[PDB]
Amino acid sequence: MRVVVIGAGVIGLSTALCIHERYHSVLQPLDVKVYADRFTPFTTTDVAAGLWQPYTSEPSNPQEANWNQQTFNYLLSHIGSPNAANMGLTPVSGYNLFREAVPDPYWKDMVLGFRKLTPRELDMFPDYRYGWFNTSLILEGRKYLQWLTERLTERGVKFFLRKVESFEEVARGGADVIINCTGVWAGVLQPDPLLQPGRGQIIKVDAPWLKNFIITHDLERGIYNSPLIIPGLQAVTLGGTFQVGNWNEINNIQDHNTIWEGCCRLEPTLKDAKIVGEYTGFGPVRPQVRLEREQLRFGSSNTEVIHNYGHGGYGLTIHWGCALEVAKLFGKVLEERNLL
């Protein structure tokens, strides 16, 4: 049985590994290949802030909260392992800062040690009047992608740098199942007017003194359009823009300024931080993750397509629950072909 995963971002590769690890031992034969037109370090994943944290507001689909939880438990469970850091993973603690009282987030018990900030803590941050403290996990996009491609490759899964033009051509090339993990460009293969770019720009900086995440919110401007600081494994990510609808892949001058001045004010030690790079990427914004089976019909036979895209600004955060769910749906497909 031939499976082509399209996409080598976090979603693509996580899914490929989950399918393979789940079915290799039982389905003979099983051929899994990954096709993508960019690999690390050239994916949106590579440019992610690298923090586990859902949006502040509850999810529409209740399945999404479960997926986020299963992802946290999965990642956390690696912590005492020798390889957690080679995977891109380490524990970090930090602050969410608000100008007024807000409700507790749905994820308060998923993270470790959630509590509200005290007045002394708040004086660390003069511009803000309310917030949270918790411990979470760094998951570095770049490093995680290199870990997964290594695990996948060791297991015989083969990668092809190529651009896919249609589902039809891949089916015709002999795929029995296609997993569509094309991120924000999924519309090219099948129009989807709910799918939009979430344009985020970031500044990467050497400031290794900073050991905590610091996330501000502006209620009247929408999520991640206010200053955020996230220490990564070797560098710090500085953020504060997230505009849906903008397809500009180039770094913008006002966003640079929004980010630098917002963050220099949040964290004035940044004055001595060396700029390492500045980047722009597109989160696959969609009111709901598209994670569903579709049957396609070209010549003899159906080829089965399973979509997994539209994870917005939380793909690192949610990725493993989604991979598990795709692997289940793939189980159902096998069953319907009496492959077990």
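Residue positions are given as counts along the sequence shown, with the first one as 1.
If you average the C-alpha B-factors over 290 to 298 and over 42 to 50, the higher value belongs to 290 to 298. Set 54 to 62 against 25 to 33 and average the Cα temperature factors; 54 to 62 ends up higher. Taking only the listed residues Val157, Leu112, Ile223, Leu238, the entry reports the highest CA temperature factor at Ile223. Taking only the listed residues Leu270, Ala175, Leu161, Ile179, the entry reports the highest CA temperature factor at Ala175. Annotation for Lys328: CA B-factor lies in the middle third of the chain's modelled residues. In the deposited entry, the Cα temperature factor of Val4 places it in the middle third of its chain's modelled residues. Among all modelled residues in its chain, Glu121 ranks in the highest third by Cα B-factor. Remark: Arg199 belongs to the middle third of its chain, ranked by C-alpha B-factor as recorded. Ranked against the other modelled residues of its chain, the C-alpha B-factor of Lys211 as given in the entry falls in the lowest third.
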